[PDB]
């Protein structure tokens, strides 16, 4: 009985995911491998191709919108910020499409997103990443990892650890239906500081994890240890975000000319 109920639960979480996320891992890998399209992403690998992309790529955020121009490395950081805020919006709608999330009081919803979105972002990031770079502008562009490594500190350093995590994460070969459950488990996390109804969130988190575990038994029947492996990734994501926050703190202290989106400021506020 347990197994059958969880299967319907996982399907509703998967529908929430399909309804709300801009791009699926299925779509991303088809672009990154080159099978899908009559057109390939524009490759951004240096200043000239970045400039050409800003001139000719369609970006969710108009360039004129980004904070005033400062320099190549900050400009790139502003696009990272713009896409992060866009992904917070999507993750917020994903969570609200999960009834047990929407049944929580609104202040606990905020606490869960506050301390969960960056873990979920960096997990979902792996879907648009390969070892050579990542997709941008809805799959219109591909920014090489080498280019991002060429940016000056501290902007290059905040970027490379995410690639390291993503490449290892992609070798577990999760599909979008796995990720929907994995991301939901990250958001509904009973450990977040200042949660009001902890036992409620813990019970939801436990339900998602049981669903996840049964989900991988059907969808990945030959992958030994894959469920405990994903629990370790969820611990690894906390450490990745702790370091990310530390690096963001340094950027705030030493890059005083770089502006930070106020919503992200609220997230880091502690």
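We call the rigid core whatever largest set of C-alpha positions still superposes within 1.5 Å between the two forms. Numbering follows the first chain given and starts at 1.
Student: To spell it out: superpose each other structure in 7 other deposited structures of this protein onto this one by the rigid core, compute Cα RMS over structures and residues for 66 to 74 and for 203 to 211. Which is larger?
Tutor: When 66 to 74 and 203 to 211 are compared in 7 other deposited structures of this protein, 66 to 74 lies farther out.
Student: On a core superposition, give the stretch, 178 to 186 or 151 to 159, with the larger average C-alpha separation from this form in 7 other deposited structures of this protein (RMS over structures and residues).
Tutor: Evaluated in 7 other deposited structures of this protein, the stretch farther from the shown form is 151 to 159.
Student: Does the comparison with other entries of this protein show residue 36 left unmodelled in at least a third of them?
Tutor: Yes: coordinates for residue 36 absent from at least a third of the compared entries.
Student: Across the other PDB entries of this protein that model residues on both sides of residue 217, is it left without coordinates in at least a third of them?
Tutor: Across the other compared entries, residue 217 is absent from none.
Student: Could you check which stretch, 129 to 137 or 97 to 105, carries the larger mean CA temperature factor in the entry?
Tutor: Higher mean C-alpha B-factor: 97 to 105.
Student: Per the entry, where is the mean C-alpha temperature factor higher: 223 to 231 or 41 to 49?
Tutor: The recorded data point to 223 to 231.
Student: Going by the deposited entry, which of 13, 260, 23, 248 has the highest CA temperature factor?
Tutor: Highest C-alpha B-factor among the listed residues goes to 23.
Student: With respect to the C-alpha temperature factors reported in the PDB entry, which of 203, 28, 216, 241 ranks highest?
Tutor: Across 203, 28, 216, 241, the entry lists the biggest C-alpha B-factor for 216.
Student: Please place residue 57 in the lowest, middle or highest third of its chain according to the CA B-factor in the PDB entry.
Tutor: Highest third.
Student: Would you please rank residue 237 by its C-alpha temperature factor against the other modelled residues of its chain and give the third it falls in: lowest, middle or highest?
Tutor: Lowest third of the chain for residue 237's C-alpha B-factor.
Student: Name the third of the chain's ranked CA B-factors that contains residue 146, choosing lowest, middle or highest.
Tutor: CA B-factor rank for residue 146: highest third.
Student: Comparing against every modelled residue in the chain, figure out the third that the C-alpha B-factor of residue 116 lands in (lowest, middle or highest).
Tutor: Tercile = lowest for this residue's CA B-factor.
Student: State the tercile, meaning the lowest, middle or highest third, of residue 197 with respect to the CA B-factors recorded for its chain.
Tutor: Answer is middle: the recorded C-alpha B-factor places it there.
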